[PDB]
């Protein structure tokens, strides 16, 4: 009978989950050691442990077939079994899997070890993306210096790993097919448990695109005044090196030159942070307080004892790209961040602690449920906090923003500043996976791989490289997530749903009322709101125990991903900006780039 078997299956899963947690802990420790300290020895060990765990998961997947799990009464038991049948890369033959792991570490270590020569001193060649090159990209307003660093970085982080990247695409596809997905794209998209999810994102992106065009237009207008028409054309894509960021994913670093009201306050608290003697530790402590102020969980002692919150000053190599780690025990959670004392880094700290909070909130769950309701939820949690941290309201409370008058013009400056990060990023994030999906699905010949990348960056974002690229270059792996094989759609989803979360949390905190000019959504601070916190607790404690619409329902009673909340946030900006572009006769739209030669 199935009644007796379903009772046995329940005990089988209970023991197996605990075993998976314990085995993954060993892999996670080895991965943590590699990322904190990149050596051939640590690579070998990371990859050998993973291979062992891969082998064990194969065995588990095979063992699921001895249970009639699809026949069971429990949706919960069925959901857990379904999770165990999904092997990912672990479906590959032993040798193929090992080759893949060597390929991935080759790519991530290459990215992490990139060094460029100083623009002004080619004897000094120890400049790393983080912090040296990123400091320049964000601060320099010398367009030739900007273009020099762009070309050096992209040549070393991108083109250098073309053949490894090709091999990864093959093995990624092979793995997906061994799981009976058409490609890696369907493998990634499976995490969202919704067969119309791509179309949903297309619909939502289409609604926000006109606002992005207006922002793009206005920024291009303002850059022309700064750099002149020789550097920036009216009708062409924006030279991406002028946008304050190596990938042009967010443009807030050039707010000083494109802000709507240059003679009104622009929030940039980096200087005050330094003046008040802030450290990385202080920044994490403040993030902690934010979470505990909402009646959420305080960081445990293991976090403080084991996290790395500053770039090491010994000679070593490591992955500085920030990350949050769950070791699947109790309270062993850590962050690795090469923290700097700046405004953007304060937001990052809160973002990462959102990951840590999710880990702590679902650690009581069975292992297979110890992850986000979908990858987007995990990325959204901390960003909901960063939105209120970013408000003048909050920055005044913590004494980082002084003598701030919030008149109508300063409001527009702050809305635009936020848009430069929140709206600008949407097309960027969409293209990161549109590109990889197209490679995974076999839609682009290998001979056209680099111009397929720049073509998407043009079509959706209206940016282009500073210099002519060709199919001799290979520019995509210059983005961390592309070198490190991290699905990027999570972030598009996060930037949409975080405003659904933020809006609802602000309403619960009494911080937003649409019909009250004193409680605007763009100045809501949820700090200290236990109502807000309760919503977070209800959602986050579920982990992946239910499909994501049930997790959203737990937060605010909604079950649909919607662009309504983000549009609602920026509606005051849209009205103002549309009128400002008309007043200044701003050209909108762009010609096709001439920057990637076939």
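Residue numbers count along the first chain shown, from 1.
With 370-378 and 102-110 compared on mean CA B-factor from the PDB entry, the stretch scoring higher is 102-110.
Comparing 57-65 with 563-571, the stretch with the higher mean C-alpha B-factor in the PDB entry is 57-65. The PDB entry assigns the greatest CA B-factor among 348, 500, 196, 122 to 122. Note on the listed residues 177, 156, 216, 406: the highest Cα temperature factor in the record is that of 406.
Looking at the C-alpha B-factors along this chain, the one for residue 545 belongs to the lowest third. In this PDB entry, the Cα temperature factor of residue 586 sits in the bottom third of its chain's modelled residues, the lowest group. For residue 512, the recorded CA B-factor ranks within the highest third of the chain. Only modelled residues enter the ranking. Per-chain ranking of the deposited C-alpha B factor places residue 173 in the lowest third.
In the PDB entry, residue 200 places in the lowest third of its chain by CA B-factor.
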